[PDB]
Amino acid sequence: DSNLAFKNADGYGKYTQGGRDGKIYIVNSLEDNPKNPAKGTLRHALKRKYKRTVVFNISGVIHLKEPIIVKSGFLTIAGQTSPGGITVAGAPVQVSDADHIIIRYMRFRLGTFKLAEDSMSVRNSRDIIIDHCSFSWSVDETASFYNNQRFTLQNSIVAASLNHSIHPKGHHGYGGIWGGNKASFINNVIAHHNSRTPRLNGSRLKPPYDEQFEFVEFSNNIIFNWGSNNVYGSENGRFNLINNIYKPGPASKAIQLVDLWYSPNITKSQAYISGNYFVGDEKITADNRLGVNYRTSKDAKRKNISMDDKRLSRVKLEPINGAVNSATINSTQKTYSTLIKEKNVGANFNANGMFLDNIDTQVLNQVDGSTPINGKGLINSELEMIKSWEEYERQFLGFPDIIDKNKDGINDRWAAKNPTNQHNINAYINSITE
């Protein structure tokens, strides 16, 4: 209850500790020096080895010259402390074999620079929760979260991968590879991807736990304007897929809820698939199995799962290991209202209050149909979406400074107004978004 990572944390990573018991680290520069990272920069902060909450007394775009690989856990990245808001560009932040990490109110937008990379990834970790973040403009995949234990991605925008870009192997507009050992993916908007929205990992890619623990819950997400495929994969992995919203856009070719790949080591009750709303297909909506495809063999094509196939479970599945911290599942109607009308998704606060940047705002408005989409809606470059990087950054620079004379990461003016509590960094950070 008070062990929760934060007030509305849910799903299998909801009890992640992050850096709640650590030092405060203030990032006060947008610079990056991969060779000698200076104190006060993101690279230096994330490479520290002690428990830490990283806060931001700076706003705008951090142009990474190289990836940051995060190996040391007990980390909270409190992106909502930034006066106007932080975007990480140029190279990915890659979490690798780490424990207890909370990441909130952060933007990861690779852009078209020198790497054919993801915007962000988390791998081989455990006790991870990512909340209210925005991911976009990748060359490899936008956001990849696989082979982690006790993981939650919630209330995030994963959108607008770069399709025909600079990847060696050709066009490559992919949402991400999602999987884990009890991993929740809930209340997310996944929009404008040629494919992999997400690609469910299954037991693949050198897992550090055995395949009978590969277990994913995917619920209350909105997938919009996928391309040739949407959700697919999950070889020999189980999953619940409940009360998601599927809304074809002008690029969408596959009309399905999932493309289940060949899974010889599971013969019954591999997935539970129910309550999903397919915009513009009343038959899939009324009976979800009409949108479920299965691959008979390693090289078989997509065909409709046969209707009495027991691969599909009658009841919601549960992981076989430990606490079933499954997320609360709401109706598809409430989900649409919350993410698209209330816009309670993505990096939607800074230290000065609510704020959804123009890129995220456009994406949600296009989902809703209140703003038009040019063509298929699958971009090849962020420069179709922004005039220039310098121009995209300006919007984050026009918010009032957060005065922090004593350098404790607490807004001096909030300290003056909360005397009995003025040194409580947790209570200050909660105040920002509550």
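Don't overthink the numbering: it's just position in the shown sequence, from 1.
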**Complete:** Looking only at C-alpha temperature factors in the entry, 58-66 or 28-36, the higher average sits in 28-36
**Prompt:** Mean C-alpha B factor from the entry: is it higher for 211-219 or for 153-161?
**Reply:** 211-219
**Asked** Which is it among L339, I359, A191, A286: the one with the largest CA B-factor in the entry?
**Response** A286
**Item:** Top residue by Cα temperature factor, when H132, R199, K182, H172 are compared in the entry
**Value:** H172
**Item:** Ranked against its chain, the third holding the CA B-factor of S388
**Value:** highest
**Message:** Quick check on the deposited entry: does the C-alpha B-factor of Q395 sit in the lowest, middle or highest third of its chain?
**Reply:** lowest
**Prompt:** Should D308 be placed in the lowest, middle or highest third of its chain by the C-alpha B factor in the entry?
**Reply:** highest
**Prompt:** For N321, does the deposited CA B-factor place it in the lowest, middle or highest third of the chain?
**Reply:** highest
**Asked** Lowest, middle or highest third: where is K247 by Cα B-factor in its chain?
**Response** lowest
